[PDB]
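# Observations on the model geometry
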Amino acid sequence: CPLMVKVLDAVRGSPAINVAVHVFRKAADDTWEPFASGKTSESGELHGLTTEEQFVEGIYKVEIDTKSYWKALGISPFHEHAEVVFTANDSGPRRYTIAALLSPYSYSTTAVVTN
Amino acid sequence: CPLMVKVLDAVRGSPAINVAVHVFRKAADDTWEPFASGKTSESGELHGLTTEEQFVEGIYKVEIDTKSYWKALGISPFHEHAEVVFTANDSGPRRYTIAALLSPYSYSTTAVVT
Amino acid sequence: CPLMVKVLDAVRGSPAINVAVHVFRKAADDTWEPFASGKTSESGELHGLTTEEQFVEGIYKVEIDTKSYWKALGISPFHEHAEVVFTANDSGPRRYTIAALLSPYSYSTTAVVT
Amino acid sequence: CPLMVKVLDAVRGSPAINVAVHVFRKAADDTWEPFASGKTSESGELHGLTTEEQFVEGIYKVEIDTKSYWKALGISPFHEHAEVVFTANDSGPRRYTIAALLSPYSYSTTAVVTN
Ligand SMILES: C[C@H](C(=O)O)c1ccc(-c2ccccc2)c(F)c1
């Protein structure tokens, strides 16, 4: 599990459940090709997105569908979605945990990188 | 204006208005003595808390009554309040801006010292 | 000034100066077309990106070149950049302030719409 | 484990290790009496602070010694520490996860409350 995503809800003090997450990898032609996708679990986490073998060096984009999440709660959010773009494995294989804390008009994201 | 406080609402995407703010200075006996207080304006800001002469080196605590703010909106918040404790260094011309971004179960605070 | 961007540095407790910001508007063919760009000032702010007349309803993307900012400080950041994608509603007099707080491996962004 | 604290480092993209945490409970005389304390582990977490039986309703304060953490890294931080004050178990026993994301001049804290 080299790539993990965790999403929390700052309004309800709970994990953000059933949040759609799409991951893309920048292709040779500078285009974003689908890499993996999923929905956060009851704990606000998304595991099994990829494997060490498939997760090669490159630029990846993790898109979190925050809009659909807030609309389902009856809240009109500011952002269309939350995006996290980063170069991965440039100096060897690493484990990445992408965390996002969501509010209707704000979000924070941090990364925890392990060897 | 050596010290300024700004509070934003992350739920409504607006300044946090009429939020009570209390500032304290740590006294010689390690006790918190009232220093200044006020309520954020329409722009979520609070100015004129103190002056350069009065704002001497020391440890200060800025307490933001976040609980009352959320209750007024019909939301049961997690925190009793938000506190920011810092040491005013004074070493060189410095203005302190304490910013807080509020959500019912979360808050972030940052300091901009220029 | 319908749209304003403010960037702060959470590591140095100061405004993030000379940060490149690019704004795009989603075109009819679902493509991002350049809309406006600039660099944050000494106060970490970027004004005069657009006008009320030009800033019509639509989906906009604000891209903050955070990577170049950290590299200039000798720090290897995590993100390639920070992006804020939002729909300008226009329904009623509204000014948009996009604020970003930057750290090497984290950033927070909030919108203050008044 | 009704009370858990997790601390992350936003500057290094890693858990904040060996961070001292002190917990207090507001006493009848409006005084803060020591309740529990510990240091974050290699994963930035602190477990076993208290038990369901001991964690009764009341106002608690979780103090995270962020200053010592940054000084050990050679960084002069803004805050003396980070404090989280909340009423707990007022409507029955709950599980609380207090998370903090640290930067020299900024910190964010969120709570995840479970039944
Ligand atoms: C991944 C981890 C978890 O949920 O256990 C986690 C997730 C989010 C935060 C976090 C807390 C406050 C502001 C920004 C991020 C954090 F400090 C730790």
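Residues numbered from 1 in each chain as written, not as in the entry; some residues may be left out. Chains lettered and ligands numbered in written order. Heavy atoms only, no water.

## A short note on the overall build of chain A
Cut-off, in case you're wondering: Counting from the N terminus, the helices are DSSP H or I runs at least four residues long and the strands are E runs at least two residues long. Radius of gyration here uses only the C-alpha atoms, and the compact-globule reference equals 2.2 Å multiplied by the residue count raised to the power 0.38. Each residue's exposure class comes from its accessible area (1.4 Å probe, protein chains only) as a fraction of the maximum for that residue type: buried when under 20%, exposed when over 50%, partly exposed otherwise. For this analysis, residues touch if any pair of their heavy atoms sits within 4.5 Å. Two residue types count as positive, namely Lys and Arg, and two as negative, namely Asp and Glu; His and chain ends fall outside the count. By convention, the charge on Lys lies at NZ, on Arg at CZ, on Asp at CG and on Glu at CD.
For chain A, the count of helices and strands is one helix and nine strands. Taken from N to C terminus, the helices and strands of chain A fall in the order β-β-β-β-β-β-α-β-β-β. Taken against the 2.2 N^0.38 rule, which gives 13 Å for 115 residues, the C-alpha radius of gyration of chain A at 14 Å falls within 12% of a compact globule. Here the C-alpha coordinates of chain A stretch approximately 40 × 30 × 20 Å along the principal axes. Counting the 115 residues in chain A, one finds 56% classified as buried. Long-range contacts, defined as pairs at least 24 residues apart, comprise 60% of the intrachain contacts of chain A with a sequence gap of at least 6. Averaging the positions of the 10 positive and the 14 negative side-chain charges in chain A gives two centres separated by 5 Å.

## A short note on the interface of chain C and chain A
Note the threshold: Here's the idea: put two parts together, see how much 1.4 Å probe accessible area each one loses, and the total over both is what we call buried area. As used in this structure description, the phrase polar contact means that two N or O atoms lie within 3.5 Å; if the pair is within protein, one of them must be able to donate a hydrogen and the other to accept it, and residues adjacent in sequence are counted only when both atoms belong to side chains. Nonpolar residues are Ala, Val, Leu, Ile, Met, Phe, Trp, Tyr, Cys and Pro. Charged residues are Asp, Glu, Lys and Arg, and all others, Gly as well, are polar.
Counting residues at the interface gives 21 residues for chain C and 21 residues for chain A. For the chain C and chain A pair, buried surface summed over both sides reaches about 1700 Å², with 57% attributable to carbon and sulfur atoms. Remark: the boundary between chain C and chain A carries 15 residue pairs in polar contact. Within the residue set of the side of chain C that touches chain A, elements represented by two or more residues are strand 7 (79–88), strand 8 (96–103) and strand 9 (106–113) of chain C. Of all the elements, strand 7 of chain C adds the most residues to the side of chain C that touches chain A, at eight residues. Each residue belonging to the side of chain C that touches chain A can be placed in one class, and the counts come to eleven nonpolar, seven polar and three charged.

## Considering the UniProt feature "binding site: L-thyroxine" in chain A
Put simply, the rule is: UniProt positions are given in the numbering used here, feature names are shortened, and annotations may be inferred rather than shown by experiment.
Mapped onto this structure's residue numbering, the UniProt feature "binding site: L-thyroxine" falls at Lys6, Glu45 and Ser108 of chain A. For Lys6 of chain A, the location among the structural elements is in strand 1 (residues 3–9). Taking relative accessible area as the criterion, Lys6 of chain A reaches 24% and is therefore assigned partly exposed. Excluding its chain neighbours within four sequence positions, the residues that come into contact with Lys6 of chain A are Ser43, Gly44, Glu45, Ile98, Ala99 and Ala100 of chain A. For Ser108 of chain A, a relative accessible area of 12% translates into the label buried. Those residues in contact with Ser108 of chain A that sit more than four places away from it in its chain are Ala99, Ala100 and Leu101 of chain A together with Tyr107 and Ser108 of chain C.

## Side note on the UniProt feature "binding site: L-thyroxine" in chain B
Residue and element names in this part refer to chain B. Per the UniProt record, the feature "binding site: L-thyroxine" sits at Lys6, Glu45 and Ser108. Structurally, the position occupied by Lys6 is in strand 1 (residues 3–9). Here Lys6 is in contact with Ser43, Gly44, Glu45, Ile98, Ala99 and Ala100, once residues within four sequence places are set aside. By secondary structure assignment, the location of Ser108 is in strand 9 (residues 106–113).

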